[PDB]
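Topology and contacts: notes
Residues per chain, in single letters:
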Amino acid sequence: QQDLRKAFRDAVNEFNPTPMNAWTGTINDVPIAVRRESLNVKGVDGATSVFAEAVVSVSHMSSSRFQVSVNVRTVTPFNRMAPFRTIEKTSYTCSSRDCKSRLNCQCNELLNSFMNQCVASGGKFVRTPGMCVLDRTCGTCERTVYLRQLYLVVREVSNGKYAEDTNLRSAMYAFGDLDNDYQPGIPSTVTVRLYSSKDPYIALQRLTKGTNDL
């Protein structure tokens, strides 16, 4: 869609990265650092993100409610409750690469491996009734996954003044409370970023629905 490329260019063209130069301070007491990262969008050289970043401890976490206290100059202080864990549902489907022929099929092996990893994660494994052969879904796993990266968003309230964006909970599409990076296993730290709502990364995420293509 050629309108997408133009809409992205316009968003980049209008992005002023200089207010973030005033961003200093802490996230959960960890001093932030501001980074400039090229989005490497061809033909759009100004497509450069500018965000604050802090790697913060989560070794106190026992619950699902991770609290993130943002104390950055020119940003109104706010405390975000972020979901520390969520349920991931996956399935194992018997594919051609795992099933060279009907007589030499390895799908049962990889189903058993899927089951064992599910169980070792504390998940619920359910075997699908019927034989596990080509192009069938053979099992599901419902397991808990844990936050790795939290990209918060602030918006301009007045000139050179920012506040927590109550609409964009995350800079990652689809920008909601659970649109963060979750992975199996309990981490020791979480990487927290702070983006302006005008950041080209968010424009890119929005126009490509998180795919970052076009």
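Residues numbered from 1 in each chain as written, not as in the entry; some residues may be left out. Heavy atoms only, no water. Residues with missing side-chain atoms left out of burial classes, pairs and counts.

Method of determination for the deposited model, per the PDB record: X-ray crystallography, at 1.62 Å resolution.

Looking at the domain arrangement of the chain
Per the domain assignment, the segments making up the chain are domain 1 (2–86 + 145–208) and domain 2 (97–143). On a C-alpha basis, the centroid separation for the pair domain 1 and domain 2 is 37 Å. (Domains from an automatic or database assignment.)

Digging into helix α3 (residues 200–208)
The buried count for α3 comes to 8 of 9 residues, which makes it a mostly enclosed element. Buried residues of α3: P200, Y201, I202, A203, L204, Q205, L207 and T208, and no others. Tucked inside the fold, the buried residues of α3 contact α1 (2–13), β4 (48–57), β9 (137–158) and β12 (189–196). Two or three places before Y201, at the opening of α3, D199 has a side-chain oxygen 2.8 Å from that residue's backbone nitrogen. (Buried < 20%, exposed > 50% of the residue type's maximum accessible area, 1.4 Å probe, protein only. Helix = DSSP H or I, 4+ residues; strand = E, 2+ residues; numbered from the N terminus. Contact = heavy atoms within 4.5 Å. Polar contact = N/O pair within 3.5 Å; in protein donor to acceptor, adjacent residues only side chain to side chain.)

What to know about the environment of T86
Residue position: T86 is located in strand β7 (residues 85–93). Along the chain, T86 and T128 lie 42 residues apart, while their C-alpha atoms are 23 Å from each other. Here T86 is in contact with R143, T144, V145, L178 and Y182, once residues within four sequence places are set aside.

Let's talk about the sheet that holds strand β1 (residues 25–27)
Through backbone hydrogen bonds, the strands of a sheet pair up, either in parallel or in antiparallel fashion. Spatially, the 4 strands line up as an open sheet ordered β2-β1-β5-β6, and their pairing is antiparallel. Taken across any chain shown, the strands that pair with only one partner, and hence form the sheet edges, are β2 (30–31) and β6 (78–83). Pairing geometry for strand β5 (residues 65–72) and β6, over 6 bridges, is antiparallel. When the sheet's bridge partners are listed, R65 is paired in β6 with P83. (Pairing = 2+ DSSP bridges.)

Here's the deal with the state of the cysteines
A full pass over the atoms with the stated rule returns 4 disulfides. Through a disulfide, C99 is tied to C105; the S-S separation comes to 2.1 Å. Around the S-S axis, the bridge from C99 to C105 shows a dihedral of about -115° and counts as left-handed. A disulfide bridge connects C118 with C141, and the sulfur atoms are separated by 2.1 Å. Measuring the twist about the S-S bond at about 85°, one finds the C118-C141 disulfide to be right-handed. With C118 in helix α2 (residues 107–120) and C141 in strand β9, the pair connects residues that are 23 residues apart, well separated along the chain. Take the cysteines of the chain that form disulfides and number them in order along the sequence; they join up as 1-4, 2-3, 5-8, 6-7. (Disulfide = S-S within 2.5 Å.)

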